[PDB]
Amino acid sequence: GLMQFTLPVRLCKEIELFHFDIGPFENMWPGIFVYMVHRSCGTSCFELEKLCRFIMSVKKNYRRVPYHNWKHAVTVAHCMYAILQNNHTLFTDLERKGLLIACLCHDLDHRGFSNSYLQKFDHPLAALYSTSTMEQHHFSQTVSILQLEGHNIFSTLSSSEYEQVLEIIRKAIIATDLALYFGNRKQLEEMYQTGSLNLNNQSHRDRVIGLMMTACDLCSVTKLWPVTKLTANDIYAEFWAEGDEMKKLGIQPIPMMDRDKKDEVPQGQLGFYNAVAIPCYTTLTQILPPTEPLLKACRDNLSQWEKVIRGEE
Ligand SMILES: Cn1nc(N2CCCC2)nc1CCc1nc2ccc(C(F)(F)F)cn2n1
Ligand SMILES: [Mg+2]
Ligand SMILES: [Zn+2]
């Protein structure tokens with residue numbers, strides 16, 4: 001009840017910054033998450049015993065794949081923590097509660113394969129969920145873990161508060177399907193520019209939380225250059241394993257997944273920064289000005305990838 005979580009001084013100061021890296025000590029990541037819930041939500045948001053049992057069941061349902069692993073989950077939750085702390089007064093109590101949980105859970109039981117590969121392999125999940133295949137699965141695993149005994153961290157919510165939070169989590173997790181992001185950002189672009197954007201409009205909130213989810217999910221491109229660069233290796237380790245599997249099904253993978261195109265990686269990063277990341281943090285900075293450090297960090301990593309192409313590293 002009178003029990004704070006406290007971090008060492010360097011972590012206590014740097015965790016508040018968007019570019020924070022959670023570090024290589026896996027055993028500290030639960031405490032980092034709890035620290036973030038307590039400061040973002042309060043020490044009274046969740047029964048600590050239920051929260052710790054929930055964090056450990058979530059951790060246990062992430063697989064040991066190179067990128068879509070427990071470290072990604074906690075990293076995406078830390079970006080979300082940084083957005084919520086820099087926009088204190090824009091978000092309900094339920095949203096604060098829901099969005100950190102959504103981020104921790106958003107890739108539950110990922111196998112390191114795209115929706116596209118599941119559909120080509122004809123995986124049972126691709127017959128159960130025609131679109132956003134992995135993302136409906138991730139929300140489904142979230143509800144399972146929540147329904148385990150001693151795991152209902154939302155036990156103290158009213159019936160209707162409970163349903164609102166699960167609905168915030170569902171839409172947040174669906175929104176992490178990057179196929180949906182392009183249309184969502186386009187609409188947000190238009191609404192902000194015509195000045196129709198209205199945060200009391202619930203369907204507008206939804207779009208804005210959706211874009212926050214994309215921003216947190218892509219936050220590897222907003223870290224210090226050495227973190228960004230080494231995460232790219234984990235990212236391609238997954239994509240190229242998928243490319244191998246595509247070739248096994250008798251299909252030429254897209255170039256992004258073909259390890260035979262290792263050489264073109266620097267140029268694949270530019271496309272990705274120009275086509276996805278920059279537009280994402282731009283529209284986010286317009287809508288939520290204190291998130292500008294994500295845009296600035298993304299542009300610095302783009303300029304680092306341009307240096308790589310010019311042979312300056
Ligand atoms: C479109 N494209 N084409 C290639 N190629 C390589 C040579 C041939 C083409 N690479 C790509 C981009 C893939 C990518 N990079 C990143 C970095 C960070 C992140 C995340 F953490 F933000 F999510 C996601 N991705 N996704
Ligand atoms: Mg995902
Ligand atoms: Zn993710």
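Ligands are counted one by one from 1 in listed order, and the atoms in each one are counted from 1 as well. The chain is numbered in sequence order, starting from 1.
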Colleague: For atom 24 (C) of ligand 1, grab the closest protein heavy atom and report residue, atom and distance to one decimal in Å.
Modeller: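 Result for atom 24 (C) of ligand 1: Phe272 CZ, 3.4 Å.
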Colleague: Nearest to atom 23 (F) of ligand 1, what protein heavy atom do you find, and at what distance?
Modeller: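 Among all protein heavy atoms, the one nearest atom 23 (F) of ligand 1 is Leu218 CD2, 3.2 Å.
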Colleague: Find out if a path of hydrophobic residues (ILVMFWY) with successive side-chain heavy-atom gaps under 4.5 Å connects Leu125 to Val143.
Modeller: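 No.
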Colleague: To the nearest 0.1 Å, how far is atom 10 (N) of ligand 1 from its closest protein heavy atom, and which atom is that?
Modeller: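 It is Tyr236 OH, 2.7 Å.
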Colleague: In terms of hydrophobic clustering (I, L, V, M, F, W, Y; side-chain heavy atoms under 4.5 Å; direct or indirect links), are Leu302 and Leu224 co-clustered?
Modeller: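 Different hydrophobic clusters.
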Colleague: Protein N, O or S atoms at less than 2.8 Å from the Mg ion (ligand 2), how many?
Modeller: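 For the Mg ion (ligand 2), protein nitrogen, oxygen or sulfur atoms under 2.8 Å: 1.
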Colleague: Can you list the atoms of ligand 1 that are under 4.0 Å from a heavy atom of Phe239?
Modeller: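 Counting atoms of ligand 1 from 1, those under 4.0 Å from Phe239 are 13 (C), 14 (C), 26 (N).
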Colleague: Specify which N/O/S atom of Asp217 comes nearest to the Zn ion (ligand 3), by atom name.
Modeller: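 Restricting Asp217 to its N, O and S atoms, the minimum distance to the Zn ion (ligand 3) goes to OD1.
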Colleague: Among all protein heavy atoms in this structure, tell me which lies nearest to atom 8 (C) of ligand 1, with the distance rounded to 0.1 Å.
Modeller: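 Checked against all protein heavy atoms, atom 8 (C) of ligand 1 sits closest to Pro255 O, 3.6 Å.
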Colleague: When hydrophobic residues are tied together by side-chain contacts of less than 4.5 Å, even through go-betweens, does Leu51 share a cluster with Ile168?
Modeller: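 Linked, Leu51 and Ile168 end up in one cluster.
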Colleague: Are there more than 12 heavy atoms of other residues, nucleotides or ligands under 6.0 Å from atom OH of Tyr129?
Modeller: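 Correct, the count exceeds 12.
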Colleague: Using a strict 4.0 Å cut-off to heavy atoms of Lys261, name the atoms of ligand 1 that fall inside it.
Modeller: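 Near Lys261, meaning under 4.0 Å from one of its heavy atoms, ligand 1 has 7 (C).
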Colleague: Answer yes or no: is there an ion pair linking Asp21 with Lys223, defined by an N-O contact shorter than 4.0 Å?
Modeller: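 Salt bridge flag = no for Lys223 with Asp21.
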Colleague: Report the nearest protein non-hydrogen atom to atom 11 (C) of ligand 1: residue, atom name, distance rounded to 0.1 Å.
Modeller: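 Sorting protein heavy atoms by distance from atom 11 (C) of ligand 1 puts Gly268 O, 3.4 Å first.
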Colleague: Look at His110 and state whether any of its N, O or S atoms is less than 2.8 Å from the Zn ion (ligand 3).
Modeller: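 So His110 does not count as coordinating the Zn ion (ligand 3).
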Colleague: Does the side chain of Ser114 come under 3.5 Å of the side chain of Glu242 through a donor N or O and an acceptor N or O?
Modeller: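 Indeed, the side chains of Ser114 and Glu242 share at least one donor-acceptor pair under 3.5 Å.
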Colleague: Hey, which atoms in ligand 1 end up nearer than 4.0 Å to a heavy atom of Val221?
Modeller: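 Those atoms are 18 (C), 22 (F).
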Colleague: Pull out every atom of ligand 1 sitting under 4.0 Å from any heavy atom of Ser220, numbered as shown with elements.
Modeller: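 Per the distance check, 21 (F).
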Colleague: For the residue pair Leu108 and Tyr62, what are the closest heavy atoms and their distance?
Modeller: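 Between these two residues, the closest heavy atoms are N-OH, 3.4 Å.
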Colleague: Within a distance under 4.0 Å of any heavy atom of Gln269, pick out the atoms of ligand 1 and give their elements.
Modeller: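 Those of ligand 1 that fall under 4.0 Å from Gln269 are 15 (N), 16 (C), 17 (C).
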Colleague: So, are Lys296 and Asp300 salt-bridged, with charged N and O less than 4.0 Å apart?
Modeller: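 Answer for the salt bridge query: yes.
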Colleague: Between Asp107 and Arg63 (salt bridge meaning N to carboxylate O under 4.0 Å), is one present in this structure?
Modeller: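 Salt bridge absent between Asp107 and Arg63.
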Colleague: In this structure, which one of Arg185, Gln193, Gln187, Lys186 forms a side chain to side chain donor-acceptor pair (under 3.5 Å) with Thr283?
Modeller: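 Single pass found, and it is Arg185.
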Colleague: Side chains of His72 and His110: is there a donor and an acceptor less than 3.5 Å apart?
Modeller: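 The criterion, which ignores hydrogens and geometry beyond distance, is not satisfied for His110 and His72.
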Colleague: What part of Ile235, side chain, backbone, both or neither, has a heavy atom within less than 4.0 angstrom of ligand 1?
Modeller: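 Looking at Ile235 and ligand 1, just side chain atoms fall under 4.0 Å.
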Colleague: For ligand 1, indicate whether the residue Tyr273 contacts it via side chain, backbone, both or neither (heavy-atom separation under 4.0 Å).
Modeller: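 It is neither part, as no heavy atom is under 4.0 Å.
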Colleague: Distance check, rounded to the nearest 0.5 Å: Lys60 atom NZ versus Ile145 atom CD1?
Modeller: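 Going from NZ on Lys60 over to CD1 on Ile145, the span is 9.0 Å.
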Colleague: Using the Zn ion (ligand 3) as the vertex, how large is the angle between NE2 of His106 and OD2 of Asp107, rounded to 10 degrees?
Modeller: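 Roughly 90°, rounded to 10°.
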Colleague: Heavy atoms, side chains only, cut-off 4.5 Å: are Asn152 and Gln147 in contact?
Modeller: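 SC-SC contact between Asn152 and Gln147 ruled out.
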